[PDB]
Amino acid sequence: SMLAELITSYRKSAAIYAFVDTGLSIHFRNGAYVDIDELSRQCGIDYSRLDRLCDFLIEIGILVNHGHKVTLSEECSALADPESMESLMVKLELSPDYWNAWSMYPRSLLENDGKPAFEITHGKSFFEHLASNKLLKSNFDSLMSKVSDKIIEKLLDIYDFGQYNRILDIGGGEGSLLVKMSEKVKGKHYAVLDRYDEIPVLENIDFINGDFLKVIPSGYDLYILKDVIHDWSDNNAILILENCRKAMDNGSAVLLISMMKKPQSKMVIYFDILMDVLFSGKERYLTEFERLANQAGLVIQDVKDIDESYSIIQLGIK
């Protein structure tokens, strides 16, 4: 039935995580035909249990049966590529620390404490936990870097970054966006503000240890907020934008690089629930960004689409 298939959906995601996390996926590179017997011996997995997992992966369309051999479906080739967006998503969002948060989503909904499912599960915030977990931070950084790679060319095409001399990436993390921007836009002062244990050093990028909820440094022409605002409640988002305005002088701009909810959104609605589970965050309509900005003596000057999900929103002082 439709309902039965929806209820048991999670088993498909868990099986794909096992396929990658156990190292099975490595053996399926370049459309290779794989003997399950030899695969069991290579990976140190019980033959019968591996054969049953392969039968499940065949049923859901990940693998294709070829008698005594199996192959990765050409539609799913990305699972054999560790640097593919899909492989990076599997290694991050299906990891135990993420997975286990979802079973506390109902409790979080009834609590009305503001505490997200992830915090109920782990007893600390997502970024507090990420700072304490080397492997999760590595998987997170790898995905962030891949997203930077995916959008950078379209971003440089639709927005003139050349007009700004001093650019601060607010919550820029490992700074992959400005790294890829500095490859094509030259002779600029690039800075990244985030929370660092050890301040990363990188030629052409100044890294600043700070807190954007308290203060943002003045003297920058462009302030960038990529995938930051959607982590926060309305009041905390307004606080960040108020702190941007306080840092800004006449002529300066804020550029939000954000998913945007739209009437015809499907992927964004799907992603919005993950933001609730991890952050008590949310994806916002343009009209919601309008109000947030207004409250911070800022105003939307322009909006452009990168793709189906991501838009850029230029703010100026109100």
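Counting begins at 1, following the sequence as shown.
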201-209 set against 236-244, stretch whose average Cα temperature factor tops the other in the entry: 201-209
Which of 51-59 and 279-287 has higher mean CA B factor, as the PDB entry lists it: 279-287
C-alpha B-factor winner, where the candidates are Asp231, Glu93, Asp160, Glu74: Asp160
Highest recorded Cα temperature factor - choice among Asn65, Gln264, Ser40, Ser258: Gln264
For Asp21, the third of its chain into which the C-alpha B factor falls: lowest
Lowest, middle or highest third - CA B-factor, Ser176: middle
Within-chain third of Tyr196 by Cα B-factor, per the entry: highest
Chain-wide C-alpha B factor ranking for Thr8, given as lowest, middle or highest third: lowest
CA B-factor ranking of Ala101, expressed as a third of its chain: lowest
